[PDB]
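**Q** output the structure for:
(chains A, B, C, D, E, F, G, H, I, J and K, ligands or ions: 2)
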Amino acid sequence: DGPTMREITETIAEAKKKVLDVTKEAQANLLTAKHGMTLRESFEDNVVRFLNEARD
Amino acid sequence: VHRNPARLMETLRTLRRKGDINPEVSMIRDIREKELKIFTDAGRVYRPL
Amino acid sequence: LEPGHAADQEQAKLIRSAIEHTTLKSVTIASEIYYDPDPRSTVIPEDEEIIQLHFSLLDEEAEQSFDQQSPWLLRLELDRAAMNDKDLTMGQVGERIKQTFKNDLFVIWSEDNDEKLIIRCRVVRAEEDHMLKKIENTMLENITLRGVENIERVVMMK
Amino acid sequence: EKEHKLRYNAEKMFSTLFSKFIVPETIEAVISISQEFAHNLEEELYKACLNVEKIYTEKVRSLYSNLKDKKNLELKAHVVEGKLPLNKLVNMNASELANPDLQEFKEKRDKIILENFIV
Amino acid sequence: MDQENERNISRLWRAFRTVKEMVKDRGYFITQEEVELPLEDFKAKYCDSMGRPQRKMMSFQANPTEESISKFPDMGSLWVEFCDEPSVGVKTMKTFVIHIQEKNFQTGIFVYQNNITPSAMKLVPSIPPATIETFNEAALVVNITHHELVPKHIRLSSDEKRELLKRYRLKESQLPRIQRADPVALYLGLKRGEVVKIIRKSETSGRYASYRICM
Amino acid sequence: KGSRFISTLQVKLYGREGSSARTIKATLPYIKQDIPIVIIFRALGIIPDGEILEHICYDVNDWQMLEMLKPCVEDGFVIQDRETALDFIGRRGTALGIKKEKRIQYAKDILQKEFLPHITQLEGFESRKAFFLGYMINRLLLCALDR
Amino acid sequence: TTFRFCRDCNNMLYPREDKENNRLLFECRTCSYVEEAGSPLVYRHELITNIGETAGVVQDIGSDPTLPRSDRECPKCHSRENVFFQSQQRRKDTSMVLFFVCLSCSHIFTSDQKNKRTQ
Amino acid sequence: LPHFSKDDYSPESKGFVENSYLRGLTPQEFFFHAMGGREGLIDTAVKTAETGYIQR
DNA sequence: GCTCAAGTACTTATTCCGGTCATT
RNA sequence: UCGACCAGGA
DNA sequence: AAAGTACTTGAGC
Ligand SMILES: [Zn+2]
Ligand SMILES: [Zn+2]
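**A** Numbering: from 1, shown residues only, chains lettered A, B, ... in the order given. Ligands and ions are numbered 1, 2, ... in the order given. Shown next is the protein structure:
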């Protein structure tokens, strides 16, 4: 459905923003790493997550 | 070594685009690492743009 | 966790820090070697108060503990973040070093609250320098401060 | 026997801090009163040691360095002279002695590490 | 460092309990009252004036139970020794080795702190038919037989072994094996040739019994 | 083009990440042992430290990379003359032909023909290869300092 | 550290203690040279490094078309024309902090909202 | 890819495929999808010689 | 000269099912 | 009809 | 194709 397709497009769009926000937070040194993990390892996990939540 | 790399880079890039330097000749300028690498090497795989 | 203390969140954190291996290397920003000739005083004016509390009274005796030590200083600076994060006292760190070299190294330190965390080291009773760089390698690499060997990153789980 | 000589030197330090720390109490919100008050902690820290039957020397420094501090720890040092338990302050000695500025960072760290190793 | 004296005593009391648990499990007369001895009561008995644990006094004798005599009639008395020296000297070992001979003990368990002289351990197979066993203090702090994954190991009598081989038509080489040095075989004081009946729970039958021969 | 002189030069950073005395040695063709860079530089004619150091580390301010070079200066310290370096190169690995006067001559040969055959194989060039070996050590320490 | 060389033979200077006057000297081991030390510091480790972050900032930095642009105003010239990048320290641990280079005054500034620097 | 600016950690840059097989993949989406697909084709080829020997 | 880390040699695999070459 | 290489199939 | 066995070399002390 066209409406379903709008919902799907805005679902990906919102997850992109969620990522960008986590990107801006990590760029301003506000991000804190989840034990035995790099700050980069921590950011990646949460980015991969938001996008896989979105695909689902 | 070179003292004004930008001037030399524009010169060489214009020379190859004219045909004076063979079009297959690879010429890279890493500004961050302060290096000019030129390859006249046989065997390099290239693509047109 | 112990059958009783199964939901005891505080006992979990306690065992977590009791078993996780912690080396001096993990809590050090930089180590330096200074030529501070008279051991009773200090060239570095930053460290002036370190000698004024630890070195003054006591003494460890009056002075007796052989102050004719060595003119070469090993100055270690510790990261307040990683110190407090891994729950450590300057005294804890200091006593662990003083127990490794027994009576071959006169060790002193800045207190837990001071602006900079410093550990001042000097050898005890011809030819030196090269041996000091060997002592600092043994310090960072070997000396265990807290935890059991082979046990890295310990994590809590519900 | 040697113990008394080691205790003697320890008291000398407290009175030195009790003369050069007591000045801002009068500046916002003398050498004789500092001597008596120095002895009040030297025998109080001795209560904490050799129970029923080394640690002490280190407790002396943390009491000296923290109570010295200012202009953040002076607000805590003000309470010490003004009816704040001198008995509790002796067996206190840890992150509790620290500056309100340093205790803000210590609490900011501790509660942030907690969410990282809880997985 | 009052903390290090307090932690050392816990570990020693813990290991003492495990020796008591091991000797009770080996078929010797030890009460559950003896095993579950409190830390307070332990200190009260074996610590000196300064509160320092006197290991010399800990050493004890254990005699086989009435049922132990029925299955194993040749199972004699046992002596357990705890040494206050972290490094157990060759002079100290000779004093121990001779204690067993004169009192005609069957077995002797030496509980050492850090190490025993390579000189001193040459005297171990020197007094037959009696056997000497060595155990490190830290190795005994925790009783490994009390673990989830460690099933009930039972030492079979010579007659019981003879029956197992008859009923299953086996040569000794056809029985699953247990290493002489195996933590449990060490606990039971298993001697080469001895057989253990391992009774364990099964997600298949609820109860399954296997057997292992010492080597 | 020219029989393709396949001579792979290895410039190794001996000593692990945090281990005491981290020296840099290099394997040249037809020489058994690994020679500390300082001796090779001295064999090329570049004799004092800070001429050898100047060829490796370009910025005088970069103390971090220069402290990495102190143990190399100490390794090659034994050799102080170009001939003392050539004799040392000659002695180490084929070699065999015992008599001082000949090992020195065929050490020059290894550096001219086999050490960095690209650039040149001609006699006069020492200076050109000296800077290149320096460039290689610079690239090695740059990765070692995680830059 | 910032170490010196022997004038005359241009070689590495090694430490030497003047036990008489309790002062540090730097001797040449290729000749008879000796010079007084500038600083009491002889060796510096640094486990937690900061040099390598602002690496490769050449004046031609703006001419890299690969580099991304931003509309961030400069703390000095206030020009909304800059070419940014991430810490050039190639370690696993390293944060994703951005370093900006002004396409006017060529001043280096960060996105770092945890602390303030001068590099 | 050379179509992106340096230090780009956006979903598009590090290989997220926003589109569906119906809508069709962009050239970048296509190359990244091929990259991941190649990983599967390798895994299948190796874990046959490996898994095969385990069986024996 | 003895223990012991470490370097060395040298061993070992990987399901079933037409064309071309040179030589047997 | 001695067996090596190359190319494929599931 | 990386990881094991079974020696042997170096050298800590
Ligand atoms: Zn000189
Ligand atoms: Zn600007």
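
**Q** point me to the helix or strand that includes the residue nearest the centre of chain A.
**A** In chain A, the C-alpha nearest the mean C-alpha coordinate belongs to residue A:19, at 3.2 Å (Cα atoms, centre = their mean). Counting by DSSP states H and E, the element that carries residue A:19 is helix A:2-27.

**Q** and that helix with chain D, contact?
**A** No. In terms of Cβ under 8 Å from any Cβ of the partner chain, no part of helix A:2-27 sits within range of chain D; the closest distance is 14.1 Å. Quick note: C-beta positions are derived from backbone N, CA and C, even for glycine.

**Q** which elements pack onto that helix?
**A** Taking 3 or more Cβ pairs under 8 Å, 6 or more residues apart in numbering or on different chains; DSSP states H and E as contact, the helices and strands that helix A:2-27 lies on are helix A:39-55.

**Q** and the helix it packs on, what's buried?
**A** By neighbour count on 16 or more other Cβ atoms under 10 Å in any protein chain shown, the buried set for helix A:39-55 is A:39, A:40, A:42, A:43, A:46, A:47, A:50, A:51, A:54.

**Q** between helix A:2-27 and it, find me the angle.
**A** Counting by axes from the mean of the first three to the mean of the last three Cα atoms, to 10 degrees, helix A:39-55 lies at 170 degrees to helix A:2-27.

**Q** how about helix A:39-55 and chain G, touching?
**A** Yes. Looking at helix A:39-55 against chain G by Cβ under 8 Å from any Cβ, the contacts come from A:39, A:40, A:43.

**Q** out of these, who's nearest chain C?
**A** Comparing the residues of helix A:39-55 next to chain G against chain C with Cβ to the nearest Cβ picks out residue A:39 as the nearest, at 13.8 Å.

**Q** distance check, the nearest residue to the closest one once chain neighbours are set aside against residue D:115.
**A** Computed as Cβ to Cβ, 6 or more residues apart in numbering or on different chains, the closest residue to residue A:39 that is not its neighbour in sequence is residue A:33, at 4.7 Å. Per Cβ to Cβ, to the nearest Å, residue A:33 is found 11 Å from residue D:115.

**Q** quick one: the residue nearest to the centre of chain A and residue A:44 touch, right?
**A** No. The pair residue A:19 and residue A:44 fails to qualify as a contact (Cβ atoms under 8 Å) at a distance of 10.8 Å.

**Q** which strands or helices does the longest helix along chain D pack on?
**A** With DSSP state H applied, the helix covering the greatest number of residues in chain D is identified as helix D:3-20. On a contact count with 3+ Cβ pairs under 8 Å, 6+ apart, helix D:3-20 meets helix D:31-42, helix D:56-68.

**Q** let me know the secondary structure of the nearest residue in space to residue A:40 that is not next to it in sequence.
**A** Sequence neighbours aside, residue G:96 is the residue nearest to residue A:40 in space, at 6.6 Å (criterion: Cβ to Cβ, 6+ apart). Look at residue G:96: counting by DSSP: H, G, I helix; E, B strand; the rest coil, its state is coil.

**Q** and for the residue in chain C positioned nearest to ligand 1, the neighbour number?
**A** Minimum separation of chain C from ligand 1 (Cβ to the ion) falls at residue C:129, amounting to 19.4 Å. Other residues within reach of residue C:129, judged by other Cβ atoms under 10 Å in any protein chain shown, total 15.

**Q** pop out the phi and psi values for it.
**A** With angles defined as degrees, to the nearest 10, residue C:129 shows backbone torsions of phi 60, psi -70.
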